[PDB]
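Quick notes on the structure that follows.
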Amino acid sequence: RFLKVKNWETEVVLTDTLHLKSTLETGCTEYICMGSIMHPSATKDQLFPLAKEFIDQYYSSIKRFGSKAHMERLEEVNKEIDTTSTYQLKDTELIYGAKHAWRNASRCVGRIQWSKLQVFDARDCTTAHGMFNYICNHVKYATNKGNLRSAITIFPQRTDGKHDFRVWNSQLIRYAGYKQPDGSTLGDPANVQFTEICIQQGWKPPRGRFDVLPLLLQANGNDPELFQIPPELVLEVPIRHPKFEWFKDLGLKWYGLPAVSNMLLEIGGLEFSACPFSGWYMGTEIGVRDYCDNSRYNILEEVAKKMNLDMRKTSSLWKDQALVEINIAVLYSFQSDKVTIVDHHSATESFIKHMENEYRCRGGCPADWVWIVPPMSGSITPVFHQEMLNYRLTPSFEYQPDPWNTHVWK
Amino acid sequence: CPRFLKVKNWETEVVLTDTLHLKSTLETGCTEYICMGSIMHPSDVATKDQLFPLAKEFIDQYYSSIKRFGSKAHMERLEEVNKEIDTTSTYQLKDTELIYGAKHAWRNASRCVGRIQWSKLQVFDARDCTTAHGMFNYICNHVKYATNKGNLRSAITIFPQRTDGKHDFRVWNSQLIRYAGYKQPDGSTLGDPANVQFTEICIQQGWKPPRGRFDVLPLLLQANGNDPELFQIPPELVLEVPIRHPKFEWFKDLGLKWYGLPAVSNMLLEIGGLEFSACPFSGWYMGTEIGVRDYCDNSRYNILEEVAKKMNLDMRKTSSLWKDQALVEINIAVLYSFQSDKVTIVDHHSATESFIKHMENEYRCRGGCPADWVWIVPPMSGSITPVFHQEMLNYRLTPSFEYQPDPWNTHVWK
Ligand code: HEM
Ligand code: HEM
Ligand SMILES: CNCC#Cc1cc(F)c(F)c(CCc2cc(C)cc(N)n2)c1
Ligand SMILES: CNCC#Cc1cc(F)c(F)c(CCc2cc(C)cc(N)n2)c1
Ligand SMILES: C[C@H](O)[C@H](O)[C@H]1CNc2nc(N)[nH]c(=O)c2N1
Ligand SMILES: C[C@H](O)[C@H](O)[C@H]1CNc2nc(N)[nH]c(=O)c2N1
Ligand SMILES: [Zn+2]
C-alpha cells in the first residue's frame with residue numbers, strides 16, 4: 001500500500017511509497033514492535049540476485065536501465081560469481097553504494113549531506129601497515145584543519161570469513177579508560193575493555209583522562225597490529241563556557257572527528273567489514289551522551305556543584321540545568337575554534353528538510369525516531385513531532401560482531 | 001513467534017526476559033518489513049460469534065487471577081456468560097470483573113509511564129446512568145473524589161457499554177478539564193490553540209465564552225446516543241495552580257496557571273469484547289506534560305520566546321541553546337508551584353525511575369511489561385532519565401484503552 005506520515009506540529013502529511021522496495025527484516029511483527037531494540041535479530045547462489053538488484057538500481061539511477069552497459073555489466077558479474085564465487089565492484093558502483101548506504105541509514109540525522117561524501121577506495125590494501133596509511137590519509141583529509149569533510153575508506157571485502165579486514169577500534173578516535181585499584185574508572189569507562197586489549201598487545205598507556213587510543217588494525221584475517229596516529233592529525237577542542245569562567249578549570253576536551261570504524265558496509269551482496277566513515281559532530285553527542293551518561297564521563301554532579309545548584313531533590317531539575325550549560329560549552333568551544341559542529345536544533349531542522357526532499361524525489365525516507373530525536377529537549381525539536389517509517393533499504397551499514405570475540409589468535 | 005524475548009538496559013547491563021508477549025491479542029501496525037513505532041494512530045458492533053471467544057478469554061484470565069481457574073465458580077460463570085450472549089447477543093460484567101478489567105487496561109497501557117500505581121485505582125461503576133444530567137453528576141463526583149483538595153487519587157468512571165452503536169455514551173471532551181481556544185479574525189489565537197475546534201462546537205451548542213486565556217471548557221455529554229448536552233463544571237471543583245518561579249520573581253507576572261487534574265475522557269475501554277465508549281479516567285501530572293508540551297509546543301501556549309526575553313538570553317543563534325535554557329526554568333516553575341500548593345505532581349526523573357522499577361517487577365512477576373519507548377521517554381532531558389537506555393517491547397494486551405473516532409465526526413444529529 002501507500003503509507004502516510006503526519007507531522008503533528010505542521011500537519012504536513014507525506015506519502016511513503018519507497019518502503020515497497022525493502023527486503024531485509026526490521027525485527028518487528030504484526031504483534032510485537034521492537035522499535036527500541038538496539039540490535040534486533042555468502043554463496044554463489046545467494047550472491048547473484050543481490051548483485052543483480054544492486055546493478056539494476058545503479059543503472060536506474062544513472063538513467064540507463066536496460067542499456068547495453070547495463071546488460072554487459074550483468075553478464076560480467078554473472079561470469080565472475082561463477083568462476084570466483086564473488087565479484088568486484090566498479091569504481092562508480094563503489095562510490096554510488098557508499099553514498100546510498102549513508103542515504104539509507106535510518107538512524108542518522110545528518111543525511112541531508114549524503115551525496116557529498118569523499119569515497120577512498122582502499123581495496124588494494126593487503127597489510128595492517130597499509131591500513132594505517134590509508135586511515136591516516138582519511139583522518140587528515142576529513143579533518144581539514146577543522147573544516148571537516150565527510151569521508152569513507154573502504155578496505156577489501158570479506159572473502160571466506162577467515163581473512164577479514166577489521167578496524168578493531170569501534171571509532172577511529174577515542175579516549176582510553178582505565179580501571180582504578182580503588183574501583184573507580186579513569187578516562188572513558190566505555191573503553192576500559194578495548195584499552196585493556198591495547199595494553200595487553202604492548203601499548204604503553206599514559207594513564208591520563210584523555211589519552212588517544214592507538215589504532216588496532218587487522219588485515220586479511222591476521223593478528224591485529226598497533227599504530228599511533230600522528231598527534232598533529234588528531235584535532236582536539238578544549239571545552240570552555242562563554243559565561244562561566246570556571247568551566248575551563250574542569251579540564252575537559254574532546255576530539256573533533258567522529259569516525260565510526262566498527263560497522264559493515266553491504267553493497268550488492270558484497271561485505272566490506274572494514275569501512276571507517278566520518279562526518280562532524282552534533283553537539284549533544286559529546287555534551288549529553290559522552291559527558292553526562294552515568295556510564296561515561298558522568299560530569300553532571302561536578303558541573304551542578306560549580307553552578308551551586310540545589311542538588312537535594314530531583315524536582316529542582318538540577319541535572320537538566322547543568323545539562324544545558326554543558327551543551328552550550330561544547331557548541332561554544334568548537335565554534336570558537338572554527339571546528340565544524342552542528343547543534344541539535346539546526347540538525348533536526350535540516351533532517352526535516354531532507355525528509356521532504358526524499359519523499360518528493362524518492363518516495364520516502366527510512367528513519368528511526370528512537371535515534372533521530374536528540375537525547376535532550378526532544379519535543380522542542382521538529383523531529384519529535386514527525387512521524388517516521390523505519391525500514392531497511394540496501395546498500396546499508398550493518399552491525400557486526402566485535403572482532404575480539406571471533407578472531408582465532410596466532 | 002519465539003517463546004522468550006530479551007530486552008537489555010544499556011546503562012546497567014540488566015537483561016530481562018519477556019514471555020508475556022505470547023499473550024498479545026491485536027495488531028501493532030508494524031510488519032516484518034516496516035516499523036510503525038512512531039506513528040501516533042496506526043490501526044456497528046461485535047457479533048455473537050466474535051463475542052464468545054473474547055469473553056471466555058477475559059473470564060479465564062479473571063479466574064486465573066483469583067486462583068480459581070477451572071473451579072466451579074469459573075465454569076458456572078463461563079456458562080452464564082455464554083447463555084447470556086446466546087439470548088441477548090451481549091453480556092454484563094460483574095462488579096468484581098469490571099474493577100479487574102479497568103485496572104488491567106491501565107496495567108496494559110503501553111504508553112503510560114505511571115503504571116506502578118495500576119492496582120490503586122478507584123473504579124466508579126456508572127452503568128446505571130441513563131441521561132446526560134446523570135453523566136454530569138457522575139463526572140462531578142469523580143472530579144471531586146480524584147482532586148481530594150490536591151492529594152490526588154487515580155480514578156475511572158465507567159458508563160454503560162455499547163449496544164448497537166447507535167446508543168453510545170460519550171464524553172465529547174477529550175479531557176474533562178481543558179482550557180478554551182479562540183481564533184481571532186487576525187489569525188492569532190487566544191487561550192489554548194489545540195482546543196479551537198472543540199471550543200467552536202461548544203459555542204455553537206450554546207456556551208457563552210468568556211474569551212479569556214484560561215477558560216475551563218464546559219462538559220459536552222452524550223447519553224444513550226442522544227444529542228450531547230452542555231454543563232458547566234462547578235468552578236470550586238476545578239483545582240488550579242498559579243505558576244511562579246522560585247528564583248525569578250517576574251515569572252508570576254506572566255499570568256500562567258494550569259489545572260491540577262489530568263483526566264482523559266475520549267478513549268474506549270475494552271473488557272472481554274465489551275466496549276465502554278465513555279470511561280473518563282484521571283491520575284496526576286508528570287511536570288513535563290505541562291512544562292514542556294502544554295507550555296512550550298509551538299502550536300500550544302508557546303511561551304519559550306517570552307520566557308527567554310525576560311531571562312535576557314541571546315536569541316540570535318540556535319546554538320546558544322536559549323530555548324533549552326528557558327525550557328528548564330519553565331519546568332522548574334511548574335514543579336515548584338504544584339509542590340508549594342501541595343497538589344500532587346511528579347517530575348520526570350522520579351516517574352521514569354519508578355517505571356523502571358515497575359517494569360522490572362512486571363517482568364519478574366508477570367513475564368513482561370509492554371511499553372512504548374516513543375511515549376515513555378520524557379520530552380526533555382531524555383537520555384539523563386533511565387528509560388532512554390531501556391530496551392522495551394511493545395504489544396497490545398487486553399483489557400485495553402483504545403482510541404475511537406471523535407464523536408462530532410460520527411454523531412447522527414436528532
Ligand atoms: C556529516 C555530518 C553527520 C552528522 C551531523 C551525523 C549525525 C549523526 C548522529 C547524531 C548519529 C547518532 C550517533 C550516535 O548516537 O551514536 C548518527 C548515526 C549514524 N550515522 Fe550519521 N552523521 C553525519 C555523517 C555520517 C556519515 C558520513 C555517515 C556514513 C557515510 C553516517 C552514517 C551513520 C550511521 C550508519 C549511523 C548509525 C550508527 C549506529 O547505528 O550506531 N553519518 N549520525
Ligand atoms: C496516577 C498517575 C499517572 C501518571 C503519572 C501518568 C503518566 C502518564 C503520562 C506522562 C502519559 C503521557 C501522556 C501524554 O503525553 O499525552 C500517560 C499516558 C497514558 N496513561 Fe497514564 N498516568 C497516570 C495515571 C493513569 C491512569 C489512572 C490511567 C487509566 C486508568 C492511565 C492510562 C494512560 C493511557 C491509556 C495513556 C495513553 C494515552 C494516549 O494514548 O493518549 N494513566 N500517562
Ligand atoms: C550505542 N552507541 C554506541 C556508540 C558510539 C559512538 C562513539 C563515538 F566515539 C563516536 F564518535 C560515535 C559517532 C557517531 C557519529 C558518526 C558520524 C559519521 C557522525 C556523527 N556525528 N556521529 C558513536
Ligand atoms: C497529543 N496527544 C493528545 C493529548 C493529550 C492530553 C491532553 C490533556 F489535557 C491531558 F490532561 C492529558 C493527560 C494525559 C494523562 C493522563 C493521566 C491519567 C495521567 C497523566 N499524567 N496524564 C493528555
Ligand atoms: C510523531 C511522534 O510519535 C509524536 O510526536 C509523539 C512522540 N512521543 C510522544 N510521547 C508522549 N508522551 N506524548 C505524545 O503526544 C507524543 N507524541
Ligand atoms: C534502548 C534504546 O534503544 C537506546 O537507549 C537508544 C535510544 N536512542 C538512541 N539514539 C541515539 N542517537 N543514540 C543512541 O545510542 C541511542 N540509544
Ligand atoms: Zn515496530
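Every chain in the C-alpha cells takes a letter, A first, then B, and so on in the order presented; its residues are numbered from 1, and the ligands are numbered from 1 following the presented order.
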
Which chains and residue numbers are within 8 Å of ligand 1, counting only C-alpha atoms and all ligand atoms, if I want them as a PyMOL selection string?
chain A and resi 98-99+101-102+105-111+113-114+117+149-152+260+263+277-282+284-285+289+341-342+347+371-372+374+396-399

Residues at most 9 Å from residue 345 in chain B, counting only C-alpha atoms, excluding those fewer than 3 positions away in the same chain, as a VMD selection string?
chain B and resid 152 260 284 to 287 335 338 to 339 342

Would you save the residues from that selection as a CSV table (one decimal), in the first residue's frame, using C-alpha atoms?
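Result file follows (again.csv):
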chain,number,residue,atom,x,y,z
B,152,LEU,CA,-5.0,13.4,44.0
B,260,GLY,CA,-4.4,20.0,38.7
B,284,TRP,CA,-1.8,13.1,38.5
B,285,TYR,CA,0.5,15.1,36.2
B,286,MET,CA,4.1,14.5,35.3
B,287,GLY,CA,5.5,18.0,35.3
B,335,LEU,CA,7.1,21.6,39.7
B,338,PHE,CA,2.5,22.5,42.3
B,339,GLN,CA,4.6,21.4,45.3
B,342,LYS,CA,0.5,20.7,47.8

Range 29-227 of chain A: residues DSSP assigns to strand (DSSP E), reported as a short mmCIF file (atom, residue, chain, number, x, y, z; two decimals) with N, CA and C atoms, in the first residue's frame:
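Written out: part-v3.cif:
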data_model
loop_
_atom_site.label_atom_id
_atom_site.label_comp_id
_atom_site.auth_asym_id
_atom_site.auth_seq_id
_atom_site.Cartn_x
_atom_site.Cartn_y
_atom_site.Cartn_z
N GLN A 118 33.26 11.91 0.37
CA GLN A 118 34.52 11.55 -0.28
C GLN A 118 34.77 10.06 -0.06
N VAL A 119 34.85 9.29 -1.14
CA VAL A 119 34.99 7.84 -1.03
C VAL A 119 36.43 7.44 -1.36
N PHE A 120 37.15 6.91 -0.37
CA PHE A 120 38.52 6.42 -0.57
C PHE A 120 38.48 4.91 -0.79
N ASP A 121 38.82 4.50 -2.01
CA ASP A 121 38.97 3.09 -2.39
C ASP A 121 40.27 2.55 -1.81
N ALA A 151 33.80 11.56 4.79
CA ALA A 151 34.67 10.63 4.09
C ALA A 151 34.40 9.21 4.57
N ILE A 152 34.71 8.27 3.69
CA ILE A 152 34.68 6.84 3.99
C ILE A 152 35.87 6.20 3.29
N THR A 153 36.53 5.28 3.98
CA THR A 153 37.62 4.50 3.39
C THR A 153 37.20 3.04 3.38
N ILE A 154 37.29 2.40 2.21
CA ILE A 154 36.73 1.07 2.02
C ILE A 154 37.86 0.08 1.73
N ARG A 166 39.56 -5.79 9.46
CA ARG A 166 38.79 -5.19 10.54
C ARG A 166 39.59 -4.07 11.17
N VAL A 167 38.94 -2.93 11.38
CA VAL A 167 39.41 -1.95 12.35
C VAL A 167 38.83 -2.37 13.70
N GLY A 177 40.20 4.18 28.70
CA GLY A 177 39.59 4.07 30.01
C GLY A 177 40.31 3.04 30.85
N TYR A 178 40.60 3.37 32.12
CA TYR A 178 41.41 2.52 32.98
C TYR A 178 40.65 2.21 34.27
N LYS A 179 40.61 0.93 34.64
CA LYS A 179 40.08 0.54 35.94
C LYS A 179 41.07 0.93 37.03
N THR A 185 36.95 4.58 37.75
CA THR A 185 37.43 4.45 36.38
C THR A 185 37.96 5.79 35.88
N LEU A 186 39.18 5.77 35.34
CA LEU A 186 39.82 6.96 34.78
C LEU A 186 39.73 6.95 33.26
N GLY A 187 39.41 8.10 32.68
CA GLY A 187 39.29 8.22 31.24
C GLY A 187 37.85 8.05 30.78
N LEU A 215 45.53 2.88 17.07
CA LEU A 215 44.77 2.05 16.16
C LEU A 215 45.20 0.59 16.33
N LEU A 216 44.22 -0.31 16.28
CA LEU A 216 44.44 -1.76 16.32
C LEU A 216 43.85 -2.31 15.03
N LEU A 217 44.70 -2.76 14.11
CA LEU A 217 44.31 -2.94 12.73
C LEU A 217 44.57 -4.37 12.29
N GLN A 218 43.56 -5.01 11.71
CA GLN A 218 43.63 -6.40 11.27
C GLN A 218 43.44 -6.46 9.76
N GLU A 225 47.59 -5.29 14.63
CA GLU A 225 48.84 -4.63 15.00
C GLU A 225 48.55 -3.21 15.48
N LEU A 226 49.33 -2.73 16.44
CA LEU A 226 49.13 -1.40 17.00
C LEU A 226 49.87 -0.34 16.19
N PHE A 227 49.27 0.85 16.10
CA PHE A 227 49.86 2.03 15.47
C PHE A 227 49.37 3.28 16.19
#

Distance query range 384-388 of chain B at most 10 Å, only C-alpha atoms, self and fewer than 5 positions along chain excluded, as a ChimeraX atom specification
/A:36,288-289,292-294,300,319-320,323,370,375-376 /B:9-12,113,348-356,373-374,376-378

Mind checking which residues fall within 12 Å of residue 317 in chain B, counting only C-alpha atoms, ignoring those fewer than 6 positions away in the same chain, and posting them as a PyMOL selection string?
(chain A and resi 328+331-332+335+342-343+345-346) or (chain B and resi 323)

Taking only C-alpha atoms and all ligand atoms into account, which residues have an atom no farther than 6 Å from ligand 7? I'd like them as a ChimeraX atom specification.
/A:28,33-35 /B:30,35-37

As a quick test: using only C-alpha atoms and all ligand atoms, which residues lie no more than 7 Å away from ligand 4? Give them as a PDB file with N, CA, C and O atoms, in the first residue's frame.
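Contents of out07.pdb, freshly written:
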ATOM      1  N   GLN B 175     -10.539  15.713  27.195  1.00  0.00           N
ATOM      2  CA  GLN B 175     -10.203  15.628  28.605  1.00  0.00           C
ATOM      3  C   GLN B 175     -11.271  16.363  29.409  1.00  0.00           C
ATOM      4  O   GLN B 175     -11.883  17.317  28.920  1.00  0.00           O
ATOM      5  N   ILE B 177     -10.998  18.344  31.967  1.00  0.00           N
ATOM      6  CA  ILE B 177     -10.602  19.720  32.233  1.00  0.00           C
ATOM      7  C   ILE B 177      -9.615  20.150  31.153  1.00  0.00           C
ATOM      8  O   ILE B 177      -8.547  19.545  31.022  1.00  0.00           O
ATOM      9  N   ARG B 178      -9.996  21.159  30.359  1.00  0.00           N
ATOM     10  CA  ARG B 178      -9.149  21.776  29.339  1.00  0.00           C
ATOM     11  C   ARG B 178      -9.509  23.251  29.262  1.00  0.00           C
ATOM     12  O   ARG B 178     -10.606  23.660  29.655  1.00  0.00           O
ATOM     13  N   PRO B 262      -5.322  15.791  35.473  1.00  0.00           N
ATOM     14  CA  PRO B 262      -5.347  15.326  34.085  1.00  0.00           C
ATOM     15  C   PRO B 262      -6.322  14.173  33.963  1.00  0.00           C
ATOM     16  O   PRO B 262      -6.164  13.172  34.658  1.00  0.00           O
ATOM     17  N   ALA B 263      -7.312  14.277  33.085  1.00  0.00           N
ATOM     18  CA  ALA B 263      -8.410  13.318  33.062  1.00  0.00           C
ATOM     19  C   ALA B 263      -8.798  13.064  31.619  1.00  0.00           C
ATOM     20  O   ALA B 263      -9.472  13.891  31.003  1.00  0.00           O
ATOM     21  N   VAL B 264      -8.413  11.914  31.102  1.00  0.00           N
ATOM     22  CA  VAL B 264      -8.655  11.575  29.707  1.00  0.00           C
ATOM     23  C   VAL B 264     -10.060  11.012  29.565  1.00  0.00           C
ATOM     24  O   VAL B 264     -10.433  10.051  30.256  1.00  0.00           O
ATOM     25  N   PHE B 281     -10.953   8.656  32.901  1.00  0.00           N
ATOM     26  CA  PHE B 281     -10.003   8.232  33.916  1.00  0.00           C
ATOM     27  C   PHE B 281      -8.984   9.338  34.150  1.00  0.00           C
ATOM     28  O   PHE B 281      -8.625  10.082  33.237  1.00  0.00           O
ATOM     29  N   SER B 282      -8.515   9.436  35.384  1.00  0.00           N
ATOM     30  CA  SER B 282      -7.628  10.523  35.757  1.00  0.00           C
ATOM     31  C   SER B 282      -6.562  10.002  36.703  1.00  0.00           C
ATOM     32  O   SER B 282      -6.791   9.046  37.453  1.00  0.00           O
ATOM     33  N   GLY B 283      -5.399  10.651  36.666  1.00  0.00           N
ATOM     34  CA  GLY B 283      -4.297  10.363  37.571  1.00  0.00           C
ATOM     35  C   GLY B 283      -3.787  11.636  38.217  1.00  0.00           C
ATOM     36  O   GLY B 283      -4.577  12.427  38.745  1.00  0.00           O
ATOM     37  N   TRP B 284      -2.472  11.832  38.202  1.00  0.00           N
ATOM     38  CA  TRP B 284      -1.843  13.118  38.476  1.00  0.00           C
ATOM     39  C   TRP B 284      -0.763  13.378  37.420  1.00  0.00           C
ATOM     40  O   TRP B 284      -0.343  12.480  36.683  1.00  0.00           O
ATOM     41  N   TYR B 285      -0.309  14.622  37.347  1.00  0.00           N
ATOM     42  CA  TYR B 285       0.538  15.053  36.245  1.00  0.00           C
ATOM     43  C   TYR B 285       2.002  14.658  36.439  1.00  0.00           C
ATOM     44  O   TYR B 285       2.528  14.668  37.553  1.00  0.00           O
ATOM     45  N   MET B 286       2.670  14.356  35.330  1.00  0.00           N
ATOM     46  CA  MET B 286       4.121  14.487  35.264  1.00  0.00           C
ATOM     47  C   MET B 286       4.414  15.907  34.805  1.00  0.00           C
ATOM     48  O   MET B 286       3.823  16.367  33.829  1.00  0.00           O
TER      49      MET B 286
END

Would you give me, as JSON lines, each residue of chain B having an atom within 7 Å of an atom of chain A, along with its shortest atom pair and that distance in Å to one decimal, using only C-alpha atoms and sorting by chain and residue number?
{"residue": "B:11", "atom": "CA", "partner": "A:295", "partner_atom": "CA", "distance": 6.2}
{"residue": "B:24", "atom": "CA", "partner": "A:31", "partner_atom": "CA", "distance": 6.4}
{"residue": "B:26", "atom": "CA", "partner": "A:31", "partner_atom": "CA", "distance": 6.5}
{"residue": "B:27", "atom": "CA", "partner": "A:31", "partner_atom": "CA", "distance": 5.1}
{"residue": "B:28", "atom": "CA", "partner": "A:31", "partner_atom": "CA", "distance": 5.6}
{"residue": "B:29", "atom": "CA", "partner": "A:30", "partner_atom": "CA", "distance": 6.0}
{"residue": "B:30", "atom": "CA", "partner": "A:30", "partner_atom": "CA", "distance": 5.1}
{"residue": "B:31", "atom": "CA", "partner": "A:29", "partner_atom": "CA", "distance": 4.6}
{"residue": "B:32", "atom": "CA", "partner": "A:29", "partner_atom": "CA", "distance": 5.0}
{"residue": "B:33", "atom": "CA", "partner": "A:25", "partner_atom": "CA", "distance": 5.1}
{"residue": "B:34", "atom": "CA", "partner": "A:391", "partner_atom": "CA", "distance": 4.8}
{"residue": "B:35", "atom": "CA", "partner": "A:390", "partner_atom": "CA", "distance": 5.2}
{"residue": "B:36", "atom": "CA", "partner": "A:389", "partner_atom": "CA", "distance": 5.7}
{"residue": "B:37", "atom": "CA", "partner": "A:35", "partner_atom": "CA", "distance": 5.8}
{"residue": "B:38", "atom": "CA", "partner": "A:387", "partner_atom": "CA", "distance": 5.5}
{"residue": "B:39", "atom": "CA", "partner": "A:387", "partner_atom": "CA", "distance": 5.3}
{"residue": "B:297", "atom": "CA", "partner": "A:380", "partner_atom": "CA", "distance": 6.6}
{"residue": "B:299", "atom": "CA", "partner": "A:9", "partner_atom": "CA", "distance": 6.3}
{"residue": "B:318", "atom": "CA", "partner": "A:345", "partner_atom": "CA", "distance": 6.6}
{"residue": "B:319", "atom": "CA", "partner": "A:343", "partner_atom": "CA", "distance": 5.7}
{"residue": "B:320", "atom": "CA", "partner": "A:328", "partner_atom": "CA", "distance": 5.9}
{"residue": "B:321", "atom": "CA", "partner": "A:328", "partner_atom": "CA", "distance": 6.3}
{"residue": "B:324", "atom": "CA", "partner": "A:377", "partner_atom": "CA", "distance": 6.2}
{"residue": "B:325", "atom": "CA", "partner": "A:324", "partner_atom": "CA", "distance": 6.2}
{"residue": "B:328", "atom": "CA", "partner": "A:321", "partner_atom": "CA", "distance": 6.3}
{"residue": "B:332", "atom": "CA", "partner": "A:316", "partner_atom": "CA", "distance": 6.2}
{"residue": "B:335", "atom": "CA", "partner": "A:315", "partner_atom": "CA", "distance": 6.5}
{"residue": "B:347", "atom": "CA", "partner": "A:315", "partner_atom": "CA", "distance": 5.6}
{"residue": "B:349", "atom": "CA", "partner": "A:314", "partner_atom": "CA", "distance": 6.4}
{"residue": "B:373", "atom": "CA", "partner": "A:36", "partner_atom": "CA", "distance": 6.3}
{"residue": "B:374", "atom": "CA", "partner": "A:370", "partner_atom": "CA", "distance": 6.7}
{"residue": "B:379", "atom": "CA", "partner": "A:378", "partner_atom": "CA", "distance": 5.0}
{"residue": "B:380", "atom": "CA", "partner": "A:377", "partner_atom": "CA", "distance": 4.1}
{"residue": "B:381", "atom": "CA", "partner": "A:376", "partner_atom": "CA", "distance": 4.1}
{"residue": "B:382", "atom": "CA", "partner": "A:375", "partner_atom": "CA", "distance": 5.0}
{"residue": "B:383", "atom": "CA", "partner": "A:375", "partner_atom": "CA", "distance": 4.9}
{"residue": "B:384", "atom": "CA", "partner": "A:293", "partner_atom": "CA", "distance": 6.7}
{"residue": "B:391", "atom": "CA", "partner": "A:37", "partner_atom": "CA", "distance": 5.3}
{"residue": "B:392", "atom": "CA", "partner": "A:36", "partner_atom": "CA", "distance": 5.8}
{"residue": "B:393", "atom": "CA", "partner": "A:34", "partner_atom": "CA", "distance": 5.6}
{"residue": "B:394", "atom": "CA", "partner": "A:33", "partner_atom": "CA", "distance": 5.1}
{"residue": "B:395", "atom": "CA", "partner": "A:32", "partner_atom": "CA", "distance": 5.0}

Of the candidates B:7, B:158, B:271, B:333, which shows the shortest atom-to-atom distance to residue 57 in chain B, using only C-alpha atoms?
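Among the listed residues, the smallest separation from residue 57 in chain B belongs to B:271.
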
Assign secondary structure with DSSP using the backbone only, and return the residues of range 259-331 of chain A in alpha helix (DSSP H) as a ChimeraX atom specification.
/A:283-284,291-292,300-306,318-331

Limited to N, CA and C atoms, could you put the picked residues into a file as a short mmCIF file (atom, residue, chain, number, x, y, z; two decimals), in the first residue's frame?
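This is the output file part09.cif:
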data_model
loop_
_atom_site.label_atom_id
_atom_site.label_comp_id
_atom_site.auth_asym_id
_atom_site.auth_seq_id
_atom_site.Cartn_x
_atom_site.Cartn_y
_atom_site.Cartn_z
N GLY A 283 26.36 18.49 18.61
CA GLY A 283 26.87 18.83 19.93
C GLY A 283 26.41 17.89 21.04
N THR A 284 25.16 17.42 20.97
CA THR A 284 24.62 16.55 22.02
C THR A 284 25.35 15.22 22.10
N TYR A 291 29.55 13.05 27.91
CA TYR A 291 29.90 13.68 29.18
C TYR A 291 28.95 13.34 30.31
N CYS A 292 27.65 13.15 30.03
CA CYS A 292 26.64 13.08 31.08
C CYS A 292 25.99 11.72 31.27
N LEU A 300 27.82 15.55 35.43
CA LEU A 300 26.70 16.40 35.84
C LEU A 300 26.86 16.87 37.27
N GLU A 301 27.19 15.96 38.19
CA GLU A 301 27.37 16.33 39.59
C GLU A 301 28.37 17.47 39.73
N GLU A 302 29.52 17.35 39.07
CA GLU A 302 30.59 18.33 39.22
C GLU A 302 30.15 19.70 38.70
N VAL A 303 29.53 19.74 37.52
CA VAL A 303 29.04 21.00 36.97
C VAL A 303 27.95 21.59 37.86
N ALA A 304 27.00 20.76 38.28
CA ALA A 304 25.98 21.22 39.21
C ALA A 304 26.60 21.78 40.48
N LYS A 305 27.74 21.23 40.91
CA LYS A 305 28.46 21.77 42.05
C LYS A 305 28.88 23.21 41.80
N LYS A 306 29.69 23.43 40.75
CA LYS A 306 30.20 24.75 40.43
C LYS A 306 29.10 25.74 40.06
N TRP A 318 18.09 20.05 38.79
CA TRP A 318 19.49 20.46 38.74
C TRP A 318 20.24 19.76 37.62
N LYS A 319 19.93 18.48 37.37
CA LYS A 319 20.60 17.78 36.27
C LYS A 319 20.28 18.43 34.93
N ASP A 320 19.02 18.80 34.71
CA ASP A 320 18.64 19.41 33.45
C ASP A 320 19.32 20.75 33.27
N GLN A 321 19.46 21.51 34.36
CA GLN A 321 20.11 22.81 34.28
C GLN A 321 21.57 22.67 33.88
N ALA A 322 22.33 21.83 34.59
CA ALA A 322 23.73 21.59 34.27
C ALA A 322 23.88 20.96 32.90
N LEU A 323 22.90 20.16 32.48
CA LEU A 323 22.98 19.56 31.15
C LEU A 323 23.02 20.63 30.06
N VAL A 324 22.16 21.64 30.17
CA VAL A 324 22.09 22.65 29.12
C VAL A 324 23.38 23.45 29.07
N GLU A 325 23.95 23.79 30.23
CA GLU A 325 25.15 24.61 30.24
C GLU A 325 26.33 23.86 29.65
N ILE A 326 26.41 22.55 29.91
CA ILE A 326 27.47 21.74 29.31
C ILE A 326 27.35 21.75 27.80
N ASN A 327 26.12 21.67 27.29
CA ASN A 327 25.98 21.63 25.84
C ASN A 327 26.14 23.00 25.19
N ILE A 328 25.91 24.08 25.94
CA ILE A 328 26.32 25.40 25.49
C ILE A 328 27.84 25.45 25.36
N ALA A 329 28.55 24.93 26.37
CA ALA A 329 30.01 24.99 26.37
C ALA A 329 30.60 24.27 25.16
N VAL A 330 30.11 23.06 24.89
CA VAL A 330 30.63 22.27 23.77
C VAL A 330 30.46 23.03 22.46
N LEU A 331 29.23 23.48 22.17
CA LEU A 331 28.98 24.24 20.96
C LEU A 331 29.87 25.48 20.89
#
